[PDB]
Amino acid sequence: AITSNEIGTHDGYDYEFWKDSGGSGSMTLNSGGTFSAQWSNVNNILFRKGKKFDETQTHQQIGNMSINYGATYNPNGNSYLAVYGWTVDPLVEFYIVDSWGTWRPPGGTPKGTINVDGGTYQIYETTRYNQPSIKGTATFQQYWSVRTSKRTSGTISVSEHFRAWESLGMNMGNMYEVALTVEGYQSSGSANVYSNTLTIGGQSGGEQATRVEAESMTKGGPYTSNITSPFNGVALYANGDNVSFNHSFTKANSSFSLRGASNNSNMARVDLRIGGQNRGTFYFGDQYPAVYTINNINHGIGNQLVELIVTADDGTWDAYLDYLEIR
């Protein structure tokens, strides 16, 4: 188990054990975002699993963030169960607090409220003076959403809290971290985070797909032509043959579902380009229409050219495209 200050990555999750002097603590890393934690007579201790970022992107450029979790939470004293993290420039430490121990943070007078994920959260801003931080000992703001009532499982719509904060003039810097966290202050306790899933990009299934028919896109290359069999669409015959269109991306992440087929039993390959960058490859294994989905593409908000192009032709297959759906 982890019993001293440590940073690492475990099962894809950036994890961190931090405590100052005094007391003891133990963190056991389990699969996914999950972990168990124990602490005894600490001054301050934090156990967390989430994502560290490279400090270059705002949370909008990263995309929608959502955390679904469940914890058996047994604090004995001051403690928080929260989504926790940092921004830089400005340096901000933030909390989305779902449960706590003996004291409901953070004191002071609320700046507003948000109703989300079936609960009500009051929003606060505080100041830490010469306190430890990711940039050394520093003075910085803390941002809080604190539930009006305790819960130890559910979904936290992190990006909703972020927008609520910014709407109240709590300006956020580039993201450094987002992580489900167990914190202890002048306390003891234990906790078992048996479920912790951080999702970037995806949401709800009906927030509404856009389908663009291949025959309505712009044709390019030597031979691209319309076809009516095995569907209404286009054929890409040679290297350079492509179809393209400008898409207005609302979010920063999308799934791309291309309905197509080879003309025969040889595998056809179609490259995806967004804004001039190759972002992946659709595979059509045979002559029967099928939908190939490339998921979790971070492309950023804005109007960008989507290009579907043949680059590996050798005369043994053609690519037939019906439509592309962006979700």
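Sequential numbering from 1, following the sequence displayed.
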**Item:** Given 162-170 and 197-205, the range whose Cα B-factors average higher in the PDB entry
**Value:** 197-205
**Prompt:** Per the PDB record, is the mean Cα temperature factor higher over 97-105 or over 207-215?
**Reply:** 207-215
**Message:** Among the modelled residues of this chain, does the Cα B factor of residue 70 put it in the lowest, middle or highest third?
**Reply:** highest
**Prompt:** In terms of the CA temperature factor given in the entry, to which third of its chain does residue 35 belong: lowest, middle or highest?
**Reply:** highest
**Prompt:** Once the chain's modelled residues are ordered by C-alpha B factor and cut into thirds, is residue 250 in the lowest, middle or highest one?
**Reply:** highest
**Request:** Place residue 41 in the lowest, middle or highest third of its chain's C-alpha B-factors, as listed in the PDB entry.
**Result:** middle
**residue 326 - which third its CA temperature factor falls in, relative to the rest of the chain** = middle
